[PDB]
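Each protein sequence line maps, in turn, to chains A, F, D, C and B. Oh and the first sequence: position 195 is 195 in the authors' numbering, straight run, nothing missing. Oh and the second sequence: position 260 is 260 in the authors' numbering, straight run, nothing missing. Oh and the third sequence: position 93 is 93 in the authors' numbering, straight run, nothing missing. Oh and the fourth sequence: position 82 is 82 in the authors' numbering, straight run, nothing missing. Oh and the fifth sequence: position 97 is 97 in the authors' numbering, straight run, nothing missing. A short write-up of the structure that comes next.
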Amino acid sequence: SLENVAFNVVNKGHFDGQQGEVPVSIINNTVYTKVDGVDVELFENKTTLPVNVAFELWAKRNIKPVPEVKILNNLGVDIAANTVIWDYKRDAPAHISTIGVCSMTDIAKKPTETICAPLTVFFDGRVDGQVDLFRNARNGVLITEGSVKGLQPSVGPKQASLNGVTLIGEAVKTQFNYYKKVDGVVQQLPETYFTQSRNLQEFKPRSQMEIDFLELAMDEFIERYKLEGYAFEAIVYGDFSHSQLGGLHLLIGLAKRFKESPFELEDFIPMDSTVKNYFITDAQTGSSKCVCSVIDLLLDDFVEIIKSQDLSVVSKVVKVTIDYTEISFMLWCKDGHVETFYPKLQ
Amino acid sequence: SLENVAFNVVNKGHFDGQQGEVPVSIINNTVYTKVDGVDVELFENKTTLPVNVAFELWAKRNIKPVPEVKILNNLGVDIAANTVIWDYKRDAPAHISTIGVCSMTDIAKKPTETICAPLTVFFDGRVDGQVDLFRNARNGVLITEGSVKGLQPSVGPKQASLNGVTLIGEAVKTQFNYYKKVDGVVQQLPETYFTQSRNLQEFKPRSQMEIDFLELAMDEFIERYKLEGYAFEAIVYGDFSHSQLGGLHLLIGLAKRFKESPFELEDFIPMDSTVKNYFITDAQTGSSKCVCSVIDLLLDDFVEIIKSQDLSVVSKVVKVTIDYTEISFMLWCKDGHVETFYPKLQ
Amino acid sequence: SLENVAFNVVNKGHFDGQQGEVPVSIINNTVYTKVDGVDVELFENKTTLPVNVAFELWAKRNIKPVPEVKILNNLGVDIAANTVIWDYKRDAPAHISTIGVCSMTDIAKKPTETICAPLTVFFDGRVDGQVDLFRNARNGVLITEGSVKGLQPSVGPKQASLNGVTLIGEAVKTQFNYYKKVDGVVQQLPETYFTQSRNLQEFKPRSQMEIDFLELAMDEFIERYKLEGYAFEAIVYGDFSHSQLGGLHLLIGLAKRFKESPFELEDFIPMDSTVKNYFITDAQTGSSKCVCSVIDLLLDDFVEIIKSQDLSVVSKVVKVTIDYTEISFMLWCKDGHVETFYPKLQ
Amino acid sequence: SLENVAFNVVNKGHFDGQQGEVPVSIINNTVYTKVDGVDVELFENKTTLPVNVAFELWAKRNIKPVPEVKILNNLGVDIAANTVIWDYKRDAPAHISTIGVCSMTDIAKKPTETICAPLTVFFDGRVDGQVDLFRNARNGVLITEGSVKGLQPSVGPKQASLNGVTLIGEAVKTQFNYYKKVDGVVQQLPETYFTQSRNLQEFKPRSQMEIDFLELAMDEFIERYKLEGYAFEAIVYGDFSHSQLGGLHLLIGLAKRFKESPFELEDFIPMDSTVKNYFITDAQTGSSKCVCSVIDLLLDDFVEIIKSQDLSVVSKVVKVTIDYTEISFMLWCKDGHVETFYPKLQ
Amino acid sequence: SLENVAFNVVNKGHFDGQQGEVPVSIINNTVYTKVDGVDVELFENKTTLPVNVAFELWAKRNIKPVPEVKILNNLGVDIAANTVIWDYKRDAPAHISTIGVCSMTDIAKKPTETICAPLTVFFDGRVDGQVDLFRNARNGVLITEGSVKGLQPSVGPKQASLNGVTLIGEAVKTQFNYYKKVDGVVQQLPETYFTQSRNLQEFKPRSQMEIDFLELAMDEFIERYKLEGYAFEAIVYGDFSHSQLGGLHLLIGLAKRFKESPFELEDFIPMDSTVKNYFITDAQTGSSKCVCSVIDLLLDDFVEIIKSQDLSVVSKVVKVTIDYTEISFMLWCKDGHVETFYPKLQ
RNA sequence: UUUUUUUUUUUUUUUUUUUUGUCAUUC
RNA sequence: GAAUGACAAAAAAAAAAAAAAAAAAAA
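As structure tokens, then:
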């Protein structure tokens with residue numbers, strides 16, 4: 001019920017399943033409620049779904065630390081089992097349909113129905129009875145805070161999305177063990193690097209090399225870590241000397257530049273992906289680039305990736321398995337030294 | 001609840017208080033429900049209220065024969081008790097607020113509260129206990145199918161509004177006795193003429209004089225009923241010889257002209273009123289008048305009214321009580337004969 | 001392309017696959033085009049789909065005689081192969097998704113992909129290569145103007161929907177042979193009665209008995225066709241003596257009553273179905289029923305059905321296979337004669 | 001008029017009363033004006049009112065220092081006399097109706113009519129003649145910058161809302177003497193505590209103890225002010241060790257935690273009230289609470305309140321009059337020391 | 001095509017002119033695209049144009065450094081040749097019509113047609129063949145990064161707009177030479193002062209005098225630069241001692257105040273102009289002025305302007321040519337010293 | 001004969017936030 | 001000596017539009 005959902009929202013902040021109703025009015029793609037005789041906005045529809053459907057999905061969203069939407073997308077997850085994963089980047093549900101949550105978007109009441117068999121259903125091991133449901137599922141992805149009997153685990157990212165904030169949990173456990181089944185057989189998830197999912201204005205280093213990068217000059221940092229010949233002066237630090245922006249394909253370099261000279265980042269595809277494309281215009285020098293593919297790789301991980309390559313190639317598209325998906329980097333070695341190494345996804 | 005209201009609508013045609021819910025989607029001021037997997041339109045909001053509130057009011061509307069909205073308006077009825085009167089002319093509720101119907105439009109749960117005391121509350125005597133409520137109400141209007149103990153009745157119109165169509169009921173009683181209370185004292189309603197509330201395209205005579213007017217010519221009908229000197233050739237039949245239309249202030253004349261030559265009726269104020277203003281454009285002779293007051297008085301009643309006037313006055317405003325309200329007619333006479341008789345102020 | 005679709009609409013009336021572009025503006029859920037410098041309406045979106053998507057689907061609708069949407073719904077058709085069946089009752093596409101029509105609603109480009117296997121895909125045999133496509137489909141429904149080798153035909157209704165109106169075509173063939181496959185095995189479709197799909201205001205009898213019903217009185221028609229004891233005075237002709245309407249469960253009786261005393265039909269579920277529920281309000285006698293199941297069976301078929309039942313049962317639910325689905329009728333009999341006969345659950 | 005209102009807005013920033021018109025276009029709940037041939041947005045309607053009505057109410061809003069909307073709500077104010085109080089928290093007018101401001105919302109032209117008698121009209125003493133209007137009002141609330149003859153004054157909050165900015169006026173007087181009348185008799189307003197209406201990101205201490213709280217550590221501040229046994233470690237400072245957040249019921253503690261580690265405050269009821277509920281999620285530790293009642297009491301006032309309680313009770317509901325309304329706190333004590341002190345029912 | 005434009009947007013962030021289409025859905029004045037099965041927002045329409053037309057214009061906007069919209073407006077530019085100048089202040093195109101950009105807003109395909117002759121067409125000398133077009137244009141404005149043969153150049157502002165970022169180009173050239181033609185004759189543009197177009201929260205001094213103003217106090221800065229008798233204590237620094245704000249007509253003074261005490265700027269006309277009007281409300285002292293003309297002149301330029309005036313006049317209107325337009329400065333003097341230099345019509 | 005897959009192979013067009021040349025303009 | 005604009009040179013990859021060929025596919 002719409003009124004019961006709004007009552008749960010106004011009394012607890014989300015749908016907790018309590019009983020009760022409140023006066024609700026829907027107008028201009030917005031859900032208003034009457035508090036003390038005056039309308040108070042509860043939810044403004046930013047989705048393509050009907051306003052009531054989107055409101056009820058938003059109320060019933062998962063308020064527990066859930067895997068980042070990019071991780072679920074890279075794993076091929078098509079739907080979630082008896083839960084709603086809310087994509088706060090899009091302000092919309094991460095999946096078009098649901099299983100036993102919303103009557104309008106329901107394709108089944110339980111994940112065991114035949115309709116959900118071809119789909120890769122996301123199972124949350126922290127919910128009772130979901131591990132056994134995943135065991136019987138033809139296609140599914142399982143996350144557990146611990147070990148599962150009989151299946152080899154895959155350790156996921158240290159960070160998880162808790163009500164829209166990507167954090168490494170201390171009071172809560174945000175590191176999950178990932179399992180995948182395709183056509184009834186358990187797949188072995190490949191060894192992967194994981195993007196840190198940090199912000200430009202809230203960037204914090206997570207390693208000693210990151211601290212050195214943020215605190216040292218370009219030449220000192222390059223000489224200290226023997227990073228000569230890998231074009232770190234352009235790939236990470238950036239080249240703000242031409243009308244077209246040069247490099248800046250790591251978020252650490254973007255944060256370092258933003259510390260000294262604020263710029264603008266036009267995100268023309270506002271979604272959650274491993275590689276993000278930005279329309280960056282440097283406010284200090286005027287350097288701009290229409291497409292600047294940015295990956296939130298750990299600086300140690302990026303150093304290892306770029307040092308594991310073969311430098312005697314004119315040009316090569318390099319496949320790196322990052323965030324459980326194969327990211328395509330365009331290696332641009334010349335004369336035995338790297339000229340450009342940028343992600344090409346999205 | 002919205003879903004319960006839609007369930008009642010799709011299973012019974014109106015809100016009958018049955019339990020159960022159906023999937024509901026609200027989009028573009030319209031309520032849709034999923035029948036066999038495809039969205040089916042249930043209600044398109046033509047009102048100024050929120051779509052869900054208007055849907056709840058429309059579903060909970062009175063489907064029993066109810067007095068016409070114009071009759072309630074002329075009686076000063078401001079709100080209805082435990083019911084919704086739907087104005088089908090406006091496709092909107094006849095009153096802004098309700099009592100014990102819709103949580104967003106309710107000002108009180110019962111008409112006995114102090115908020116409804118100054119308001120003129122419409123009490124329906126066919127509902128159990130509403131007569132007793134009307135007795136204790138400071139201001140109110142009561143309709144009953146029969147007599148009320150200790151209260152003198154006022155016989156209302158023979159016609160009533162049954163689910164949007166005006167009819168003189170045969171299988172169901174559509175004649176009510178009107179009682180009004182202002183400031184706690186039972187008022188004596190005046191002896192009024194009643195409009196027939198007919199339409200042009202299905203006009204049906206209700207009297208012998210009406211039939212004769214429909215079948216007989218102008219001069220024959222005027223001579224037969226001794227209607228010479230009352231300007232019936234213009235007031236009722238209408239004048240189409242000039243660019244500006246003349247007379248045509250009775251719906252009988254409009255219907256007679258429509259029978260031989262249809263014209264266009266632009267109702268620029270689509271509401272329910274005793275005197276209706278139309279933008280009449282004659283498609284045959286090109287005669288048009290921007291505003292034309294048309295009143296649906298019975299032809300016998302109009303003849304009695306026009307014969308009860310004093311003809312020895314150049315200009316006189318005639319106050320005739322019609323549909324429980326005073327309708328002012330502007331009368332022009334010359335040489336002892338009527339020249340012009342139309343509802344004044346147009 | 002939206003502009004190419006609108007170009008096809010303005011130059012051919014539907015998407016004919018021509019090349020060209022026109023200036024198109026979308027505003028207030030409506031598609032406008034600029035003709036001679038002034039915006040001209042092309043399409044008003046009455047669906048729940050996005051305006052451009054709905055416009056593209058409407059332009060690519062099937063303009064050939066297609067089976068009525070009720071027939072496809074009763075056959076369990078979930079999607080159409082390389083075509084769009086437009087439901088003119090709802091002014092919306094008959095199916096949520098399409099196969100190789102519109103990229104926004106497409107789930108596959110061809111009906112034989114793995115995604116379309118669980119779905120019952122409607123194959124049109126009049127299109128080259130679709131019979132073989134239906135032969136390879138796990139679930140599908142095939143209609144053909146002629147015979148298909150190795151498959152037993154199922155003669156469908158004489159009527160078909162051509163651009164939104166039901167007609168028995170003479171210049172074009174509207175009778176199709178129906179073949180259904182569920183889980184890869186051809187099913188033998190049951191012997192069924194077919195609704196004639198007629199309108200109230202444009203009712204045209206299709207048999208001698210229907211003509212006699214329309215012209216003869218109630219008693220003469222009942223005595224001529226030995227229809228005593230089957231309560232034809234109530235089920236078909238209808239009773240308007242009480243405030244609650246009785247009967248009117250056959251559209252021919254509604255047509256006969258409308259021929260004399262027009263009434264109002266409020267379709268609170270505006271969709272195509274074998275059994276239609278209306279909110280009937282008799283404008284002459286005041287009789288009204290909130291819900292009334294009306295089925296448009298041929299009077300010969302209804303007579304055969306009512307004569308094939310056993311009269312010596314107090315209460316019995318009668319199952320009739322109509323329009324390829326089982327319609328459940330309520331049968332009440334007393335003293336070896338019929339009392340009421342209406343579709344059950346109304 | 002709408003055009004005159006827009007002229008006043010574009011020439012003076014608010015409706016002053018000047019004569020003149022500017023070209024105006026209304027589209028998508030927004031009012032645009034044509035400045036030098038290009039449309040300029042004047043007002044985006046965030047209310048449930050019509051766009052033009054909301055625009056005219058916003059233009060005619062009070063730009064003088066007005067009482068905070070929560071103060072008016074706690075006093076029972078239902079309408080304002082010849083002025084509009086704009087609620088900047090909701091971006092909507094604080095009251096549904098107005099008195100002599102907007103013709104679409106007006107229930108009266110002057111507050112002396114019968115319709116305004118039951119309502120608690122807000123009279124502003126800084127406008128000439130409003131003191132005498134309040135003296136003759138059945139129900140009303142009066143604010144004055146000075147003393148009123150024959151009336152005992154109640155000193156209000158030091159801060160007041162000035163064009164949506166809460167400030168303690170230095171060049172203007174933001175302290176008003178509050179008077180109240182119900183049924184024609186003056187009440188003596190209770191002696192209440194007043195919330196400071198401070199922001200999280202712009203928190204500024206208003207006393208020495210708040211400075212000590214923000215500067216010194218938890219243990220030092222607790223020991224210095226003899227605050228042992230009142231659970232200040234969790235009640236104000238808060239506990240971030242478990243998955244569910246504990247405490248943070250004083251906005252000063254939220255400000256102190258924000259100063260060291262920013263977190264998200266999801267205000268699911270964006271209105272103005274003495275007690276605010278937030279969906280608190282700690283970005284550093286992962287602690288989160290769905291509903292966290294936060295009140296912006298002066299730290300001196302909160303210390304006095306917590307020291308005025310009787311500690312020898314297991315469970316006790318505390319009635320505290322804050323902002324002219326009774327705020328309920330739930331008190332748990334064990335072994336003669338406080339365990340928690342939070343607003344009741346959250 | 002809408003789909004091709006959206007494909008270009010999702011691939012490069014702006015319309016580059018490539019071939020390809022993506023699934024696009026338009027709903028609620030917003031353009032969505034389907035990326036990985038979920039709709040992703042691409043553009044939300046804040047203009048008065050249709051959503052598809054506005055999206056096409058936004059994609060085809062100029063991404064190179066272009067003159068500020070205020071400069072073009074003051075030069076009387078009515079339309080741009082084969083380009084779109086996006087006004088990021090209004091989030092709408094700076095000109096109503098276009099030349100060979102979008103079919104819906106196009107008045108001509110080339111600027112040489114007769115329709116574009118009366119309009120002052122903006123020509124970009126950086127684009128090949130536009131200087132020749134400007135030579136043959138009856139009315140036009142041309143900007144070039146260098147000299148033009150046979151034409152005397154007018155050096156423009158040092159700053160220009162790059163993707164909505166106003167910057168002095170270092171990697172790019174943001175200084176242009178302005179040429180204007182009206183009725184086929186080349187005018188000599190006047191010698192003008194230029195507004196710096198700086199932000200309040202991102203104010204950066206561009207001269208030694210501005211640095212001194214920001215660092216020193218009022219008295220020291222006035223003494224060092226010999227600014228006694230010019231009322232710099234009010235015009236620039238501003239007066240907050242009264243309820244009505246005094247002076248503060250230079251953005252440098254607003255920035256200096258914002259450094260120590262942030263306040264509110266209600267820009268009730270959100271457009272780009274040389275003289276901006278703000279509804280300034282001082283949060284610290286409560287001094288507010290409904291309308292306040294703030295001009296972003298260089299402090300040295302303003303000092304020269306105020307020292308070039310004739311002080312021996314009681315009241316005088318001062319004409320200063322700023323940004324190629326005549327700004328009316330209202331000067332008040334008493335006893336041979338400046339009293340107030342507020343910009344006219346605040 | 002139809003179909004999806006496993007795809008491979010051939011050609012056309014488009015593209016890639018690499019370097020490099022020619023023409024063009026402007027210092 | 002540079003910048004910009006219009007293009008080409010190198011290397012790899014992607015997208016489709018045309019096919020052929022195949023292991024499968026059901027006919």
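Ideal Cβ positions, reconstructed from N, Cα and C, are used throughout, including at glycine.
Beta-ladder partner(s) of residue i, from DSSP
i: C/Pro93; result: C/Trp86
i: C/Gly140; result: C/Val121, C/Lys181
i: B/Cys116; result: None; B/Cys116 has no bridge partner.
i: B/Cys333; result: B/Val338
Spatially closest choice to residue i from the options, by CA coordinates
i: D/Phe240; options: D/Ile280, D/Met271, D/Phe203; result: D/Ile280
i: D/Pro111; options: D/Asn136, D/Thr105, D/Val148, D/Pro23; result: D/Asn136
i: D/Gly150; options: D/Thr120, D/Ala160, D/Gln188; result: D/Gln188
Cβ neighbours of residue i in the same chain (closer than 7 Å, five flanking residues each side left out)
i: D/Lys289; result: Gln244, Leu245, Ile280
i: C/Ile26; result: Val51, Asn52
i: residue 425 of chain A; result: Given a span of 1 to 346 for chain A in the structure shown, any question on residue 425 of chain A remains unanswerable.
Closer than 9 Å to chain A by CB, residue i
i: C/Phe176; result: no
i: F/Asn4; result: yes
Closer than 9 Å to chain F by CB, residue i
i: D/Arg138; result: no
i: D/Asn62; result: no
i: C/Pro153; result: no
Min CB distance residue i to chain B below 9 Å
i: C/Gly164; result: yes
Same chain, Cβ closer than 6 Å to residue i, neighbours up to 5 away in sequence not counted
i: A/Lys60; result: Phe15, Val84, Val101
CB contact below 9 Å: residue i versus chain C
i: B/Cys333; result: no
Residue environment, residue i, which counts as buried when at least 16 other CB atoms sit within 10 Å
i: A/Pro93; result: buried
i: F/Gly247; result: buried
i: C/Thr114; result: exposed
Cut-off 8 Å between Cβ atoms - residues of its own chain near residue i, not counting five sequence neighbours on either side
i: B/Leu200; result: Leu251, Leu254, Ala255, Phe258, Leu265
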